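A.B. asks: Mind having a look at this structure? Questions to follow.
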Amino acid sequence: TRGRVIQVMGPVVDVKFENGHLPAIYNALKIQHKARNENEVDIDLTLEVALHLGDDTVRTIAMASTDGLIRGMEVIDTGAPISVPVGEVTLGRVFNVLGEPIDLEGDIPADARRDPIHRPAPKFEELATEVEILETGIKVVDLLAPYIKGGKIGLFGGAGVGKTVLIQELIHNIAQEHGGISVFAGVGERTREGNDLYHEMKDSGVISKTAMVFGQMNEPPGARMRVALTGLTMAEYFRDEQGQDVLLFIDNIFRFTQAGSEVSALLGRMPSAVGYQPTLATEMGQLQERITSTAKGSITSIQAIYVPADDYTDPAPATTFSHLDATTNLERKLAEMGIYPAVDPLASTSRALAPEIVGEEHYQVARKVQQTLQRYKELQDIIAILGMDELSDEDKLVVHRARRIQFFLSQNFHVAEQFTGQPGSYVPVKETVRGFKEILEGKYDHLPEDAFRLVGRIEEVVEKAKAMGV
Amino acid sequence: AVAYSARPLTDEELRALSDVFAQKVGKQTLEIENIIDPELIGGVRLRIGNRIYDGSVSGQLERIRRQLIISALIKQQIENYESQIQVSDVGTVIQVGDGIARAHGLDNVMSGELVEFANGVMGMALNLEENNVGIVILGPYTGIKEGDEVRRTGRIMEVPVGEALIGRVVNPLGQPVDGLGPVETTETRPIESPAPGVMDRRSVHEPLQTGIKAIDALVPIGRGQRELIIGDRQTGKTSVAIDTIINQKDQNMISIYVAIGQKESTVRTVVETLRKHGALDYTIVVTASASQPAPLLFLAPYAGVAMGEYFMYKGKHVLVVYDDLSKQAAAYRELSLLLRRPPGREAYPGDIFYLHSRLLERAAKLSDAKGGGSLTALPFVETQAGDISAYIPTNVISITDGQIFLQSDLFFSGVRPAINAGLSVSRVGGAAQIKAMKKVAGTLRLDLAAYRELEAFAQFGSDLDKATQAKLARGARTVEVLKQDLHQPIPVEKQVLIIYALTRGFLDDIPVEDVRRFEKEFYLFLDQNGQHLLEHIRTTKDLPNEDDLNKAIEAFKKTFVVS
Amino acid sequence: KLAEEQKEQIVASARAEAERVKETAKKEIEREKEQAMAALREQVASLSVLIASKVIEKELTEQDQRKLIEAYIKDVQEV
Amino acid sequence: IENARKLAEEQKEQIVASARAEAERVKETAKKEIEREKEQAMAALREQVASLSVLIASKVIXXXXXXXXXXXXXXXXX
Ligand SMILES: [Mg+2]
């Protein structure tokens with residue numbers, strides 16, 4: 001019926017039950033205690049079962065601080081894993097790991113629908129047999145690093161390159177075109193940046209189509225390693241019930257794995273290489289296999305990854321890099337010169353850039369642009385600098401078209417219209433292929449470079465140069 | 001002792017059973033306790049130590065309910081009478097967690113046996129202690145709780161084996177995962193079986209044609225060899241494997257593809273790629289994706305090679321591909337650490353070299369007395385930042401018969417495949433080649449070796465006009481010839497003829513930017529007016545007369561218009 | 001005539017693929033029929049188990065006790 | 001040449017789509033007929049299974065009473 005506390009060693013607790021009444025693994029248990037005198041404090045705690053040790057004892061991990069616990073307290077078995085609310089009631093609100101609102105707009109009614117946090121991955125016979133391309137509406141992404149429905153993308157960048165603007169633009173474009181929602185999960189990051197993102201999303205207006213879950217540095221190891229699953233189960237409902245295409249953003253996947261190690265040794269497990277838990281790839285696989293493209297809808301996830309000390313051979317980045325399909329690199333150099341977004345065109349990679357996926361025309365145009373940019377990068381540095389400038393023919397034209405193509409990858413976003421009068425554009429992929437091909441052929445070689453700046457389709461560029469006096 | 005009955009038993013019956021079992025076993029005196037649990041229906045099940053005797057309803061009844069799934073015929077012939085007593089050797093779980101379990105009992109269980117849990121999940125006994133058994137669970141473990149019951153099956157680990165597996169997708173236990181219905185086989189083969197002996201073999205002479213010019217010319221592979229493909233991620237090794245698998249359409253081979261620790265979406269797309277090219281008439285796919293329990297990932301390669309050996313020991317030729325041998329090692333390390341076995345370098349167990357050598361030594365070429373079959377193995381190993389000094393990469397390099405190296409620098413620039421001939425070796429050598437390829441490949445090897453030294457100094461011309469820019473031009477022409485595109489493998493006669501044209505100085509006039517189109521149009525030309533050189537190479541295995549070859553290449557060049 | 005020959009080959013390959021698809025659809029129908037037969041048999045078996053349990057419960061146990069004791073004794077003798 | 005290849009590709013795609021549509025219609029009709037036959041066989045084989053269940057109980061251990069009791073139990077279960 002009810003268990004009692006045996007040991008309290010940090011974030012790990014031991015509970016003893018009656019014979020033949022042990023809870024299953026992954027269940028949730030509750031401690032609710034009121035002080036009986038001045039030598040006691042009130043307790044409201046949730047625990048998750050981890051191991052069966054034998055002799056009617058189980059070892060559990062706490063979801064909050066364990067200060068104030070007493071050997072002999074009474075524990076209640078809930079009967080099921082952690083359950084979070086799902087549906088339209090979670091749109092525009094902020095939750096914690098247990099599925100409780102941390103804003104001040106009220107509580108979800110107890111007569112709602114709640115889904116468990118742990119479930120198996122979709123089976124082989126109900127996956128997508130074809131690779132499909134996701135239409136974002138950006139120009140550099142849709143040309144040099146296309147995204148995939150149900151894929152995983154690694155976003156590389158930090159401060160001063162503006163990745164929150166890219167996040168908001170993706171949310172807005174996907175919601176407007178494909179009618180999808182977004183879920184943001186912050187896993188063990190700074191609280192200041194979470195507040196900043198919440199207020200930016202409130203200002204833009206993309207909050208009403210997003211659900212936010214936060215578990216950050218201040219929280220125990222147990223809460224940091226079970227918060228991505230709450231966002232995942234909030235997102236899966238829309239794919240499996242409304243048949244939508246959803247986006248899932250993860251603030252730091254690395255922290256997830258890190259949190260696991262912080263409890264592994266306390267559970268009584270021998271260490272593996274570099275002091276990591278023996279069950280590392282299994283945990284990462286059980287997480288990342290639940291986001292796929294089934295026959296109804298799809299979940300595509302953008303994940304930000306921090307590499308410790310820029311060491312890419314560390315077990316955690318090495319394990320998580322085998323699940324990624326594309327990478328998107330944001331560079332400060334392009335942000336200084338006024339290219340928005342600051343996506344690096346020569347360092348962004350994708351596995352969808354192949355003639356059998358996008359097409360022959362797309363592939364040829366993209367490869368021509370890439371080699372032109374590489375030629376510019378090689379030539380402009382060792383030559384034309386240090387007083388070795390020269391004006392060879394076919395080198396005037398190469399830099400002419402390269403400069404006219406580098407500035408056409410910039411775009412005007414809808415979320416940036418609050419600081420700038422331009423409404424913003426959504427450019428399909430055929431249009432940008434046509435525009436880049438036309439620029440490559442030299443048809444638009446008789447215009448100044450200022451016309452190719454913060455513009456959508458190629459034709460609009462002409463109108464710009466019409467009003468510039470040229 | 002303990003008796004479970006629907007209703008409590010009479011004293012006379014209890015005494016009779018006690019006397020009967022005391023006489024049968026040979027014990028001094030038995031104290032029999034009975035229960036009144038109505039879970040059974042007018043029957044009793046008895047437990048002597050860890051032995052269960054079952055003669056109750058929902059016992060033998062289920063024994064005929066589970067069987068026969070004519071119905072009235074069995075109901076009146078064999079289902080009416082109990083199918084004897086259901087005897088089992090049981091145990092009791094005492095610890096559960098992380099995918100393993102420990103139990104009390106199972107006195108006569110073997111090492112490596114298969115046990116069945118109460119709810120229907122399987123497990124494999126791997127640690128026989130003095131008073132408990134360590135069991136690794138081959139499935140979901142959240143339904144297993146302390147106090148459960150385990151039973152022995154009596155069979156060492158084994159997999160289904162037959163010709164019905166061709167064109168199907170299965171998991172390491174031999175169960176379909178493509179949803180096309182059951183697989184109808186009639187044989188089994190133990191997963192752990194010995195390798196053919198020293199005197200049961202024969203030297204490797206026949207070639208394995210892949211269709212990739214760089215491999216077929218510089219790193220040849222023979223039937224019965226074990227070649228390693230090593231490189232970082234984002235280098236395209238699965239494409240090499242898939243092209244090799246596709247090329248075997250009319251070469252009388254059976255292919256097996258094992259995917260360990262990959263994504264299910266990528267496995268699905270790979271199977272769909274295989275189906276489109278009609279490569280599912282001779283291929284078997286075994287899959288253990290990243291969300292599966294660690295024992296399945298550790299057991300998949302052995303299942304693949306066990307299915308291959310059945311064809312091997314009947315005179316056929318097989319080719320087995322292992323998607324990653326590092327994921328299997330990591331899974332085995334996890335299992336070993338969870339079972340409290342002493343660790344080693346990078347926490348790997350002591351027998352981690354044994355685990356891979358015992359598997360890779362089952363690929364052989366059999367002698368004429370044993371049939372003449374063969375089995376070729378192509379394991380994959382993935383490195384981080386191009387570091388081949390690591391424990392597993394050095395372990396697998398020292399077992400195989402040579403390695404193929406793929407670089408990440410060449411992949412990004414656009415060189416497909418990104419093979420490096422400066423670090424790739426094949427110890428079988430030219431014995432796995434045809435006479436024409438032997439006569440043609442040496443000059444190509446020497447030319448590439450010469451060009452690789454001076455490739456980095458092309459920025460500074462004005463070098464020795466005699467033999468520096470000539471070697472640069474020859475090397476660039478060589479590098480352009482070795483490029484290729486996804487799918488579309490090339491026949492060996494065409495490869496021989498184009499490499500002959502390159503090495504004899506027939507390509508200097510053609511500029512570097514037109515070499516690919518030149519070779520494509522040459523292939524088109526040979527299909528019409530070169531219909532006898534190809535047949536001569538196919539039938540004789542030696543390249544045709546030099547004067548005829550020169551005249552044919554001279555005739556083609558007059559038509560090819562150079563831009 | 002090379003283009004026309006390739007066109008004819010592609011058309012014949014497409015027709016062969018269509019025939020294979022129709023055969024696979026027939027095989028899917030056969031698999032569904034086998035699954036339906038199995039499901040019907042399993043439902044019949046479950047209903048039979050329930051009916052037999054009810055009938056056995058309704059049946060008297062005076063002779064059933066002696067018969068069960070004799071059968072258990074015979075089982076002990078056998079093993 | 002290129003035009004001939006494009007026409008061949010269009011014809012092949014159209015033929016494959018037509019065969020797929022025919023297969024889909026056949027599969028839908030087969031599924032409907034299979035559902036009807038499954039319902040009819042469920043009823044008939046349920047009566048037969050009640051009779052055979054009385055028979056199996058007798059074998060493990062008049063006919064009209066047993067059949068009526070089995071039918072009543074089946075109705076209660078359903
Ligand atoms: Mg690869």
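The chains in the structure tokens are called A, B, ... from first to last as shown; in each chain the residues are counted from 1, and the ligands are counted from 1 in the order shown.
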Dump the neighbourhood of ligand 1 as number ranges by chain: all residues within 10 Å, distances computed on only C-alpha atoms and all ligand atoms.

C.D. replies: A: 322; B: 230-240, 323-324, 380-382, 406

A.B. asks: Would you pick out the contacts of range 393-401 of chain A at 7 Å or less, using only C-alpha atoms, so that residues sharing its chain but fewer than 2 positions from it are not included, and give the list as an MDAnalysis selection string?

C.D. replies: chainID A and resid 376 391 403:405 440

A.B. asks: Using only C-alpha atoms, I'd like every residue of chain D that has an atom within 7 Å of chain C; please write them out as a VMD selection string.

C.D. replies: chain D and resid 1 4 to 5 8 12 16 19 23 42 46 49 to 50 53 to 54 57 70

A.B. asks: Could you write out that same residue set with N, CA, C and O atoms as a PDB file, in the first residue's frame?

C.D. replies:
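Printed below is selection_9.pdb as written:
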```pdb
ATOM      1  N   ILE D   1      15.158  12.458 -78.943  1.00  0.00           N
ATOM      2  CA  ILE D   1      15.792  11.580 -77.970  1.00  0.00           C
ATOM      3  C   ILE D   1      15.334  11.939 -76.563  1.00  0.00           C
ATOM      4  O   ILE D   1      14.710  11.128 -75.879  1.00  0.00           O
ATOM      5  N   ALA D   4      11.624  11.865 -76.517  1.00  0.00           N
ATOM      6  CA  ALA D   4      11.158  10.483 -76.462  1.00  0.00           C
ATOM      7  C   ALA D   4      11.285   9.917 -75.055  1.00  0.00           C
ATOM      8  O   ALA D   4      10.382   9.225 -74.571  1.00  0.00           O
ATOM      9  N   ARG D   5      12.402  10.203 -74.381  1.00  0.00           N
ATOM     10  CA  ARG D   5      12.577   9.740 -73.008  1.00  0.00           C
ATOM     11  C   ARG D   5      11.541  10.360 -72.080  1.00  0.00           C
ATOM     12  O   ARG D   5      11.004   9.682 -71.197  1.00  0.00           O
ATOM     13  N   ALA D   8       8.247   8.668 -72.679  1.00  0.00           N
ATOM     14  CA  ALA D   8       8.271   7.338 -72.080  1.00  0.00           C
ATOM     15  C   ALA D   8       8.104   7.411 -70.570  1.00  0.00           C
ATOM     16  O   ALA D   8       7.391   6.594 -69.979  1.00  0.00           O
ATOM     17  N   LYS D  12       5.050   5.741 -68.550  1.00  0.00           N
ATOM     18  CA  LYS D  12       5.316   4.776 -67.489  1.00  0.00           C
ATOM     19  C   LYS D  12       4.684   5.211 -66.175  1.00  0.00           C
ATOM     20  O   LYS D  12       4.089   4.392 -65.463  1.00  0.00           O
ATOM     21  N   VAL D  16       1.781   3.113 -64.245  1.00  0.00           N
ATOM     22  CA  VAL D  16       1.970   2.697 -62.859  1.00  0.00           C
ATOM     23  C   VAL D  16       0.851   3.245 -61.984  1.00  0.00           C
ATOM     24  O   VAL D  16       0.333   2.544 -61.107  1.00  0.00           O
ATOM     25  N   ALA D  19      -2.349   1.206 -62.658  1.00  0.00           N
ATOM     26  CA  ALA D  19      -2.280  -0.090 -61.990  1.00  0.00           C
ATOM     27  C   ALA D  19      -2.441   0.061 -60.483  1.00  0.00           C
ATOM     28  O   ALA D  19      -3.083  -0.771 -59.834  1.00  0.00           O
ATOM     29  N   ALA D  23      -5.341  -1.572 -58.220  1.00  0.00           N
ATOM     30  CA  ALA D  23      -5.001  -2.360 -57.041  1.00  0.00           C
ATOM     31  C   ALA D  23      -5.690  -1.819 -55.796  1.00  0.00           C
ATOM     32  O   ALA D  23      -6.157  -2.593 -54.955  1.00  0.00           O
ATOM     33  N   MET D  42     -18.127 -14.997 -37.974  1.00  0.00           N
ATOM     34  CA  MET D  42     -18.085 -14.786 -36.534  1.00  0.00           C
ATOM     35  C   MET D  42     -19.361 -15.291 -35.887  1.00  0.00           C
ATOM     36  O   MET D  42     -19.314 -16.061 -34.926  1.00  0.00           O
ATOM     37  N   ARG D  46     -19.360 -18.739 -34.028  1.00  0.00           N
ATOM     38  CA  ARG D  46     -19.585 -18.529 -32.603  1.00  0.00           C
ATOM     39  C   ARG D  46     -20.624 -19.502 -32.072  1.00  0.00           C
ATOM     40  O   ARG D  46     -20.454 -20.073 -30.989  1.00  0.00           O
ATOM     41  N   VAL D  49     -18.817 -22.724 -32.082  1.00  0.00           N
ATOM     42  CA  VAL D  49     -17.816 -22.747 -31.027  1.00  0.00           C
ATOM     43  C   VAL D  49     -18.469 -22.936 -29.671  1.00  0.00           C
ATOM     44  O   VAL D  49     -17.883 -23.554 -28.784  1.00  0.00           O
ATOM     45  N   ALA D  50     -19.676 -22.406 -29.476  1.00  0.00           N
ATOM     46  CA  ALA D  50     -20.416 -22.706 -28.255  1.00  0.00           C
ATOM     47  C   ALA D  50     -20.720 -24.197 -28.163  1.00  0.00           C
ATOM     48  O   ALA D  50     -20.513 -24.829 -27.116  1.00  0.00           O
ATOM     49  N   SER D  53     -17.560 -26.002 -27.529  1.00  0.00           N
ATOM     50  CA  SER D  53     -17.073 -25.746 -26.180  1.00  0.00           C
ATOM     51  C   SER D  53     -17.796 -26.622 -25.171  1.00  0.00           C
ATOM     52  O   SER D  53     -17.176 -27.151 -24.242  1.00  0.00           O
ATOM     53  N   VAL D  54     -19.108 -26.788 -25.342  1.00  0.00           N
ATOM     54  CA  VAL D  54     -19.825 -27.772 -24.534  1.00  0.00           C
ATOM     55  C   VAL D  54     -19.234 -29.160 -24.757  1.00  0.00           C
ATOM     56  O   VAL D  54     -19.015 -29.924 -23.805  1.00  0.00           O
ATOM     57  N   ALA D  57     -15.816 -29.385 -23.011  1.00  0.00           N
ATOM     58  CA  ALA D  57     -15.994 -29.519 -21.570  1.00  0.00           C
ATOM     59  C   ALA D  57     -16.409 -30.937 -21.202  1.00  0.00           C
ATOM     60  O   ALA D  57     -15.889 -31.515 -20.239  1.00  0.00           O
ATOM     61  N   UNK D  70     -24.565 -22.220 -23.162  1.00  0.00           N
ATOM     62  CA  UNK D  70     -23.432 -21.604 -23.844  1.00  0.00           C
ATOM     63  C   UNK D  70     -23.855 -20.347 -24.593  1.00  0.00           C
ATOM     64  O   UNK D  70     -23.137 -19.341 -24.588  1.00  0.00           O
TER      65      UNK D  70
END
```

A.B. asks: I'd like the neighbourhood of range 109-123 of chain A as JSON, numbers by chain, where a residue qualifies if any of its atoms comes within 6 Å (using only C-alpha atoms), though same-chain residues fewer than 2 positions away should be ignored.

C.D. replies: {"A": [81, 82, 83, 84, 85, 86, 125, 126, 289, 290]}

A.B. asks: Taking the DSSP secondary structure from the backbone, can you list the residues of range 58-238 of chain A that are helix (DSSP H, G or I), as a PyMOL selection string?

C.D. replies: chain A and resi 88-90+124-126+139-144+163-178+191-204+206-209+221-224+228-238

A.B. asks: Return as a tab-separated table the residues of chain B lying at most 8 Å from chain C, together with the closest atom-to-atom pair for each and the distance in Å to one decimal, counting only C-alpha atoms, with rows in chain order and ascending residue number.

C.D. replies:
```
residue	atom	partner	partner_atom	distance
B:13	CA	C:69	CA	6.3
B:16	CA	C:73	CA	7.8
B:17	CA	C:73	CA	6.8
B:20	CA	C:76	CA	6.4
B:21	CA	C:76	CA	6.5
B:24	CA	C:76	CA	6.9
B:41	CA	C:53	CA	7.0
B:42	CA	C:61	CA	7.8
B:43	CA	C:68	CA	7.2
B:55	CA	C:72	CA	7.5
B:65	CA	C:45	CA	6.7
B:69	CA	C:41	CA	6.9
B:85	CA	C:75	CA	7.0
B:180	CA	C:31	CA	7.3
B:181	CA	C:31	CA	6.3
```

A.B. asks: Ranking B:332, B:506, B:556, B:522 by minimum distance to chain A and counting only C-alpha atoms, which one comes first?

C.D. replies: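 Nearest to chain A: B:332.
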
A.B. asks: Using only C-alpha atoms, which chain B residues lie at most 9 Å away from chain A, written as a VMD selection string?

C.D. replies: chain B and resid 93 to 98 141 to 147 177 to 179 233 to 234 261 to 265 267 to 269 271 to 272 289 to 294 327 330 to 331 333 to 335 337 to 338 340 343 345 to 348 384 to 385 412

A.B. asks: Which residues, written as a short mmCIF file (atom, residue, chain, number, x, y, z; two decimals) with N, CA and C atoms, in the first residue's frame, have at least one atom at most 7 Å from residue 72 in chain A, with only C-alpha atoms counted and residues fewer than 2 positions away on the same chain left out?

C.D. replies:
```
data_model
loop_
_atom_site.label_atom_id
_atom_site.label_comp_id
_atom_site.auth_asym_id
_atom_site.auth_seq_id
_atom_site.Cartn_x
_atom_site.Cartn_y
_atom_site.Cartn_z
N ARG A 4 7.91 3.26 2.99
CA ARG A 4 8.59 4.15 3.93
C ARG A 4 10.03 4.38 3.49
N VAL A 5 10.55 5.54 3.85
CA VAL A 5 11.89 5.97 3.44
C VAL A 5 12.93 5.24 4.28
N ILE A 6 13.99 4.79 3.62
CA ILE A 6 15.06 4.03 4.26
C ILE A 6 16.37 4.81 4.27
N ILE A 70 13.12 12.76 6.30
CA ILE A 70 13.35 12.03 7.54
C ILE A 70 13.13 10.54 7.27
N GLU A 74 6.28 8.51 4.96
CA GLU A 74 5.37 7.61 4.26
C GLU A 74 5.22 8.05 2.81
#
```

A.B. asks: Could the residues of chain B within 9 Å of chain D, counting only C-alpha atoms, be given as a PyMOL selection string, please?

C.D. replies: chain B and resi 61+71-72+75-76+79-82

A.B. asks: If DSSP is run on the backbone, what residues of range 254-451 of chain B are strand (DSSP E or B)? A reply as a PyMOL selection string would be ideal.

C.D. replies: chain B and resi 254-260+283-288+317-322+365-366+374-383+403-406+419-420

A.B. asks: With N, CA, C and O atoms kept, could you save the residues just selected as a tab-separated table (two decimals), in the first residue's frame?

C.D. replies:
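Ended up saving to again.tsv:
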```tsv
chain	number	residue	atom	x	y	z
B	254	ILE	N	24.70	-14.44	-52.89
B	254	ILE	CA	23.67	-14.11	-51.91
B	254	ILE	C	24.26	-13.08	-50.97
B	254	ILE	O	25.35	-13.29	-50.43
B	255	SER	N	23.56	-11.97	-50.77
B	255	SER	CA	24.05	-10.87	-49.96
B	255	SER	C	23.28	-10.80	-48.65
B	255	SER	O	22.09	-11.10	-48.61
B	256	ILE	N	23.97	-10.41	-47.59
B	256	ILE	CA	23.36	-10.18	-46.28
B	256	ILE	C	23.84	-8.84	-45.77
B	256	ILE	O	25.05	-8.57	-45.75
B	257	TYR	N	22.91	-7.99	-45.35
B	257	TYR	CA	23.22	-6.66	-44.85
B	257	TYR	C	22.76	-6.56	-43.41
B	257	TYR	O	21.57	-6.75	-43.12
B	258	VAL	N	23.69	-6.27	-42.50
B	258	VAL	CA	23.41	-6.18	-41.07
B	258	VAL	C	23.59	-4.73	-40.65
B	258	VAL	O	24.66	-4.14	-40.89
B	259	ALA	N	22.56	-4.15	-40.04
B	259	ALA	CA	22.56	-2.76	-39.61
B	259	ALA	C	22.51	-2.71	-38.09
B	259	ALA	O	21.49	-3.06	-37.50
B	260	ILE	N	23.59	-2.26	-37.47
B	260	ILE	CA	23.73	-2.24	-36.02
B	260	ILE	C	23.78	-0.80	-35.56
B	260	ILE	O	24.70	-0.05	-35.91
B	283	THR	N	18.85	-10.89	-51.31
B	283	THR	CA	19.36	-10.15	-50.16
B	283	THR	C	18.52	-10.42	-48.93
B	283	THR	O	17.30	-10.59	-49.02
B	284	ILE	N	19.18	-10.47	-47.77
B	284	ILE	CA	18.54	-10.59	-46.47
B	284	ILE	C	19.02	-9.44	-45.61
B	284	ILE	O	20.21	-9.10	-45.61
B	285	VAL	N	18.10	-8.82	-44.87
B	285	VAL	CA	18.41	-7.66	-44.04
B	285	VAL	C	18.13	-8.00	-42.58
B	285	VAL	O	17.03	-8.45	-42.25
B	286	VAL	N	19.13	-7.79	-41.73
B	286	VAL	CA	19.00	-7.95	-40.28
B	286	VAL	C	19.23	-6.59	-39.65
B	286	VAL	O	20.22	-5.92	-39.95
B	287	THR	N	18.31	-6.17	-38.79
B	287	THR	CA	18.33	-4.81	-38.26
B	287	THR	C	18.18	-4.82	-36.74
B	287	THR	O	17.36	-5.55	-36.19
B	288	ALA	N	19.00	-4.01	-36.08
B	288	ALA	CA	18.90	-3.75	-34.64
B	288	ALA	C	19.21	-2.26	-34.44
B	288	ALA	O	20.36	-1.87	-34.29
B	317	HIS	N	28.06	-18.93	-52.69
B	317	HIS	CA	28.93	-17.82	-52.35
B	317	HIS	C	28.11	-16.72	-51.70
B	317	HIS	O	27.06	-16.34	-52.23
B	318	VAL	N	28.57	-16.22	-50.56
B	318	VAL	CA	27.83	-15.27	-49.75
B	318	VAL	C	28.71	-14.05	-49.48
B	318	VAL	O	29.94	-14.12	-49.53
B	319	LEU	N	28.05	-12.93	-49.20
B	319	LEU	CA	28.73	-11.68	-48.87
B	319	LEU	C	27.99	-11.02	-47.72
B	319	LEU	O	26.80	-10.73	-47.84
B	320	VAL	N	28.69	-10.77	-46.62
B	320	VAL	CA	28.09	-10.24	-45.40
B	320	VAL	C	28.68	-8.87	-45.11
B	320	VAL	O	29.90	-8.69	-45.16
B	321	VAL	N	27.81	-7.91	-44.79
B	321	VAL	CA	28.20	-6.54	-44.50
B	321	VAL	C	27.73	-6.19	-43.10
B	321	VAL	O	26.57	-6.43	-42.75
B	322	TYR	N	28.63	-5.63	-42.29
B	322	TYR	CA	28.33	-5.21	-40.92
B	322	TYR	C	28.37	-3.69	-40.86
B	322	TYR	O	29.42	-3.09	-41.05
B	365	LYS	N	37.24	-19.52	-47.50
B	365	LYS	CA	37.06	-20.14	-48.80
B	365	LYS	C	37.33	-21.62	-48.65
B	365	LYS	O	38.46	-22.02	-48.33
B	366	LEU	N	36.31	-22.44	-48.86
B	366	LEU	CA	36.42	-23.86	-48.56
B	366	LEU	C	37.10	-24.61	-49.70
B	366	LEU	O	37.07	-24.19	-50.86
B	374	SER	N	32.14	-20.16	-50.27
B	374	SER	CA	32.94	-19.09	-49.69
B	374	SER	C	32.03	-18.09	-48.99
B	374	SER	O	30.82	-18.08	-49.18
B	375	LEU	N	32.65	-17.25	-48.15
B	375	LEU	CA	31.94	-16.18	-47.46
B	375	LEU	C	32.88	-15.00	-47.32
B	375	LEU	O	33.97	-15.14	-46.76
B	376	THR	N	32.47	-13.84	-47.83
B	376	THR	CA	33.26	-12.62	-47.79
B	376	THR	C	32.65	-11.66	-46.78
B	376	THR	O	31.43	-11.54	-46.68
B	377	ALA	N	33.51	-10.97	-46.03
B	377	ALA	CA	33.07	-10.08	-44.97
B	377	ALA	C	33.61	-8.68	-45.20
B	377	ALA	O	34.78	-8.50	-45.55
B	378	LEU	N	32.75	-7.68	-44.99
B	378	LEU	CA	33.12	-6.27	-45.13
B	378	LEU	C	32.68	-5.51	-43.88
B	378	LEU	O	31.61	-4.88	-43.87
B	379	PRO	N	33.46	-5.56	-42.81
B	379	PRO	CA	33.10	-4.81	-41.60
B	379	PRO	C	33.38	-3.32	-41.74
B	379	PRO	O	34.27	-2.90	-42.48
B	380	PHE	N	32.61	-2.53	-41.01
B	380	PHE	CA	32.77	-1.08	-40.97
B	380	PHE	C	33.23	-0.65	-39.58
B	380	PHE	O	32.79	-1.21	-38.58
B	381	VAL	N	34.11	0.34	-39.53
B	381	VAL	CA	34.54	0.95	-38.28
B	381	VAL	C	34.57	2.45	-38.49
B	381	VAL	O	35.15	2.93	-39.47
B	382	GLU	N	33.95	3.20	-37.58
B	382	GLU	CA	33.88	4.65	-37.68
B	382	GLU	C	34.83	5.28	-36.67
B	382	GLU	O	34.84	4.90	-35.50
B	383	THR	N	35.63	6.23	-37.13
B	383	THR	CA	36.58	6.95	-36.30
B	383	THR	C	36.09	8.35	-36.01
B	383	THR	O	35.19	8.88	-36.68
B	403	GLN	N	42.72	-2.90	-45.50
B	403	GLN	CA	41.71	-1.90	-45.18
B	403	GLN	C	41.58	-0.89	-46.31
B	403	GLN	O	42.49	-0.71	-47.12
B	404	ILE	N	40.42	-0.25	-46.36
B	404	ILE	CA	40.13	0.84	-47.29
B	404	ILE	C	39.86	2.09	-46.47
B	404	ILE	O	39.02	2.07	-45.57
B	405	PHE	N	40.56	3.17	-46.79
B	405	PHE	CA	40.50	4.41	-46.03
B	405	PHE	C	39.73	5.47	-46.80
B	405	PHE	O	40.03	5.73	-47.97
B	406	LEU	N	38.75	6.08	-46.15
B	406	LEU	CA	37.95	7.16	-46.73
B	406	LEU	C	38.20	8.44	-45.95
B	406	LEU	O	38.13	8.44	-44.72
B	419	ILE	N	38.10	7.80	-51.55
B	419	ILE	CA	39.05	6.75	-51.20
B	419	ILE	C	40.46	7.32	-51.21
B	419	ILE	O	40.81	8.15	-52.05
B	420	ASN	N	41.27	6.87	-50.26
B	420	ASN	CA	42.68	7.25	-50.16
B	420	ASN	C	43.53	6.03	-50.46
B	420	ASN	O	43.47	5.04	-49.73
```

A.B. asks: To one decimal place in Å, what is the distance between CA of residue 392 in chain B and CA of residue 363 in chain B?

C.D. replies: 19.8 Å

A.B. asks: With a distance cut-off of 12 Å and only C-alpha atoms, select the neighbouring residues of residue 172 in chain A, excluding the residue or stretch itself and same-chain residues fewer than 3 positions from it, and output the selection as number ranges by chain.

C.D. replies: A: 136-138, 165-169, 175-182, 201, 204-210, 247, 413-416, 424-426

A.B. asks: For CA of residue 246 in chain A and CA of residue 171 in chain A, quote the distance in Å rounded to one decimal.

C.D. replies: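 Value for the CA of residue 246 in chain A-CA of residue 171 in chain A distance: 9.5 Å.
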
A.B. asks: Would you mind reading off the distance between CA of residue 434 in chain A and CA of residue 411 in chain A, one decimal, in Å?

C.D. replies: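 So the answer is 16.2 Å.
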